[PDB]
Amino acid sequence: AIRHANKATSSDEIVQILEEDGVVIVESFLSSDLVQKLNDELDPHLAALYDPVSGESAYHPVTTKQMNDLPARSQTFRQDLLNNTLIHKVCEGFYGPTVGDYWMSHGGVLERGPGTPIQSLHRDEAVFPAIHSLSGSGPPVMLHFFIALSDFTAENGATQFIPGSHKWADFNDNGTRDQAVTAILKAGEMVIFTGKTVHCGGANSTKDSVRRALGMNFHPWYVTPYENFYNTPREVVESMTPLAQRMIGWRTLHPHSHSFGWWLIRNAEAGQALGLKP
Amino acid sequence: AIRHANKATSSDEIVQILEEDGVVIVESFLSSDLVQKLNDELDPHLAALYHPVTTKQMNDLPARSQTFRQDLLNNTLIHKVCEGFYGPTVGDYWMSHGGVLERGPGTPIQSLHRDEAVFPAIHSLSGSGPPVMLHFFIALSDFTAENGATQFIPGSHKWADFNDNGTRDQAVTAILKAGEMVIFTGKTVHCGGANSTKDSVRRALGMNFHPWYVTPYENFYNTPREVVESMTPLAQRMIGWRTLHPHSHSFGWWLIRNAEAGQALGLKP
Ligand SMILES: [Fe+3]
Ligand SMILES: [Fe+3]
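Keeping their order, the protein sequence lines are chains F and G.
Here the numbering used here is used: the first residue of the first sequence is -11, the next is one more, and so on.
Here the numbering used here is used: the first residue of the second sequence is 493, the next is one more, and so on.
Given below as structure tokens:
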């Protein structure tokens, strides 16, 4: 009951489906070559965090991996995803008039292989109780772009959603499990959802298949990003476009409310104060 | 100067350069992907290592890095060079020390020193001494004269009096890209450079090998058994978990009850 219908569809209708249902499925979002390039850049970094041989150390049953600080690690994430026209058109439409500017809070590759337990139904914006307590009347905060780096089946745990749960008057009700619809995704096939939408990841019943995803969680300008990107090497930041630099917090935000800017250095543009080109 | 040699140069020729000069440079000995795997595996444990300090280390690598456990400890070129360096009378060898070295801005220049100085009985024999230390110095980052690339004095390994450490103008800098290696003897005069640059850390991976009869500096018995059992028997011998087979005492050395030690401690034959 999640409408995909997102190839010839305009983004304004994508924003409309996001407003009505709280979740939308974008078909054919990433080219299969883009998925292969992303998986190739991402594999070494993941393999180097998780050594299969371990002398107990932390622990052996590894049903789950995930990784962030993507801009330092992946060029294709650095350029293609952070500058993607559809992500930004949907971001501008979702935040709308009163917000104005936005930046990325969290960019992560998530992997759950065989034996992964099913998740509880929840809302990510529960991490901000002052916003969460307003329930469905609250302002837009989190926007989540979930790219499928592998097939997304009900059998390896396709993520489930409850459409319309972003409008509920009481967010202490996370709904029930018979209200959840699974999101089947094949190649790039992104799914977009709000931080107010009830959802849960599925169980990986398979003995053999690993679910892999790339989550891009965006914030309005006034909400603190989860990730700090200042240890990113300066040459990597200087290779990025100013839009992508603003996404990772190296440029000032421009809310229309406070038109003169936010996240400034001596009331001046920040990245320019620390060596980036104007 | 120092002689670069790789690609079509066979390890027999690198051993010959090592005998004549005491130092040699193997170009692009590690692939950039291998350097990337090494830096990724080493960065988290370098960050957790404990006035800002400019000198930084790590050892007990086999417990810490898979790429060192498998690729580096089993590298064919290093073992060919080891067999050629110790030669017939020795027979067997093992690694004494495996370390990551990090020196960034503010690193003072080092004195010319000859590492085998830690062994007065061998060091007193000067250039007539037996081969003891073999140092494989892999570049995990660029080595520039700007960031303090190590300097060497070619031929200083065969001098008749090791109380003479030479002087600074006899030293040749070893310029390396990431992944390039420099091999040198424990009898060769050398010194690290000063890193004047305010923004750049120089990082290296040194593997110091010994003949079978010289005690390794590193003790690897606290290494968890699961990583040791994941290693090849050659790599296990490199870290002291298997007995050596010197040509001198062919029955074996470093045994448990006159039997092979690794089998004696629960390892597979
Ligand atoms: Fe969630
Ligand atoms: Fe030295």
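Where a beta carbon is used, it is the ideal one built from N, C-alpha and C, also for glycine.
Taking C-beta pairs closer than 7 Å, name the residues in chain B that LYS529 (chain G) reaches, listed in chain order. Of the protein chains in this structure, namely F and G, none is chain B.
Around ligand 2, Cβ to any heavy atom closer than 6 Å, ordered along the chain: Cβ atoms closer than 6 Å to ligand 2 belong to G:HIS605, G:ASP607 and G:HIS682.
Looking at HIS207 (chain F): is its Cβ nearer than 8 Å to the Cβ of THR185 (chain F)? A distance of 8 Å or more separates the beta carbons of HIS207 (chain F) and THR185 (chain F).
DSSP three-state assignment for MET130 (chain F), whether helix, strand or coil: Coil at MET130 (chain F), not helix or strand.
Where does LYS155 (chain F) sit, in a helix, a strand or coil, going by DSSP? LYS155 (chain F) carries a helical assignment under DSSP once its states are collapsed to helix, strand and coil.
Nearest-angstrom Cα distance between residue 447 (chain G) and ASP196 (chain F)? Here chain G comprises residues numbered 493 to 761, so residue 447 (chain G) is not present and cannot be evaluated.
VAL507 (chain G) beta carbon less than 8 Å from that of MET673 (chain G): No, these two residues do not count as a Cβ contact at 8 Å.
Shorter than 8 Å from the beta carbon of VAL50 (chain F) to some beta carbon of chain G? No, because no Cβ of chain G sits closer than 8 Å to the Cβ of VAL50 (chain F).
Within the continuous alpha helix (DSSP H) that includes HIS737 (chain G), where are the two ends? Run containing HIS737 (chain G): none; DSSP gives neither H nor E here.
Under a three-way DSSP split, which group does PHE521 (chain G) fall into? Looking at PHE521 (chain G) - three-state DSSP - the assignment turns out to be coil, as it is neither helix nor strand.
Go ahead and pull the three-state DSSP assignment for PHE140 (chain F). Note: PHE140 (chain F) maps to strand in three-state DSSP.
Where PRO221 (chain F) falls, given that 16 or more other Cβ within 10 Å makes a residue buried: Taking every protein chain shown into account, the CB of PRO221 (chain F) has fewer than 16 other CB atoms within 10 angstroms, so this residue is exposed.
For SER722 (chain G), go through chain F and note every residue whose CB falls closer than 9 Å to its CB, in chain order. Simply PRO40 and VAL41.
Please state whether the Cβ-Cβ distance between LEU109 (chain F) and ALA201 (chain F) is less than 8 Å. Taking 8 Å as the cut-off, the Cβ atoms of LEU109 (chain F) and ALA201 (chain F) do not count as close.
Run the CB neighbour count on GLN643 (chain G), radius 10 Å, all protein chains shown included, and call it buried at 16 or more, exposed below. Taking all protein chains shown into account, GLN643 (chain G) has 16 or more neighbouring C-beta atoms within 10 Å of its C-beta and is therefore buried.
Name the chain F residues whose beta carbon is nearer than 9 Å to that of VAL693 (chain G)? Ordered by position in chain F, no residue passes the 9 Å Cβ test against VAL693 (chain G), which lies about 12 Å from the chain.
Would DSSP call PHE701 (chain G) helix, strand or coil? Collapsing the DSSP output to three states places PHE701 (chain G) in a strand.
In chain order, what are the residue ranges of uninterrupted alpha helix (DSSP H) at least 4 long that sit wholly in the segment 43 to 96 of chain F? As far as the segment 43 to 96 of chain F is concerned, its whole alpha helix (DSSP H) runs of at least 4 residues are 58 to 61 and 73 to 87.
Return yes when the Cβ of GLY43 (chain F) is within less than 8 Å of the Cβ of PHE65 (chain F), no when it is not. Contact: no.
Please name the residue in F:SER125, F:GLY10, F:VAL129 and F:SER93 whose C-alpha comes closest to that of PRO151 (chain F). Nearest to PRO151 (chain F) by C-alpha distance, out of F:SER125, F:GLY10, F:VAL129 and F:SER93, is F:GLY10.
Since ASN687 (chain G) sits in a beta bridge, which residues does DSSP pair it with? Its beta-bridge partners are G:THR599.
Going along chain F, which residues have a C-beta under 7 Å from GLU533 (chain G)? Within chain F, the residues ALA36 have their CB atoms less than 7 Å from the CB of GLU533 (chain G), given in chain order.
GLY84 (chain F), buried or exposed, once every other Cβ within 10 Å from all chains shown has been counted against 16: With fewer than 16 other Cβ atoms from the protein chains shown falling within 10 Å of its own Cβ, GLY84 (chain F) counts as exposed.
In the DSSP assignment, find the alpha helix (DSSP H) that holds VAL507 (chain G) and state where it starts and stops. Per DSSP, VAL507 (chain G) belongs to the alpha helix (DSSP H) from 503 to 513.
May I ask you to verify whether the segment 50 to 58 of chain F touches the segment 225 to 233 of chain F, counting CB pairs closer than 8 Å and requiring at least 3? The segment 50 to 58 of chain F, when compared against the segment 225 to 233 of chain F, does not touch it at the 8 Å Cβ threshold.
Count the other CB atoms within 10 Å of the CB of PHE248 (chain F); is the residue buried (16 or more) or exposed (fewer)? Counting every other CB atom within 10 Å of its CB across the protein chains shown gives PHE248 (chain F) a total below 16, marking it as exposed.
Quick check on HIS627 (chain G): buried or exposed, where buried means 16 or more other Cβ atoms within 10 Å of its Cβ? The C-beta of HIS627 (chain G) has 16 or more other C-beta atoms within 10 Å across all chains shown, which makes the residue buried.
Inter-residue Cα distance where the pair is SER520 (chain G) and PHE116 (chain F): Going from the Cα of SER520 (chain G) to the Cα of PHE116 (chain F) covers about 51 Å.
With a cut-off of 8 Å on the beta carbons, I'd call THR182 (chain F) and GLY145 (chain F) a contact; round off their distance for me. Contact doesn't hold; Cβ gap of about 21 Å is too wide.
Listing by chain order, which chain F residues have their CB less than 7 Å from the CB of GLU718 (chain G)? Chain F residues near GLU718 (chain G): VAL41, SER42 and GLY43.
Do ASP161 (chain F) and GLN558 (chain G) have their C-beta atoms within less than 8 Å of each other? Contact: no.
Just checking my contact of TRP209 (chain F) with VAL87 (chain F) at CB under 8 Å: how many whole Å lie between their CB atoms? Indeed they touch by this definition, with Cβ atoms about 7 Å apart.
Residue span of the alpha helix (DSSP H) that contains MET673 (chain G), given as start and end: Where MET673 (chain G) is concerned, there is no enclosing alpha helix (DSSP H), although the beta strand (DSSP E) around it starts and stops at 673 to 677.
If I follow the unbroken alpha helix (DSSP H) through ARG495 (chain G), where does it start and stop? Neither: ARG495 (chain G) is in no alpha helix (DSSP H) and is coded neither H nor E.
Taking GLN54 (chain F) as the reference, give the member of F:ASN72, F:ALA46, F:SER45 and F:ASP31 with the closest Cα. Taking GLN54 (chain F) as reference, the option from F:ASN72, F:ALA46, F:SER45 and F:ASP31 with the minimal CA-CA separation is F:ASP31.
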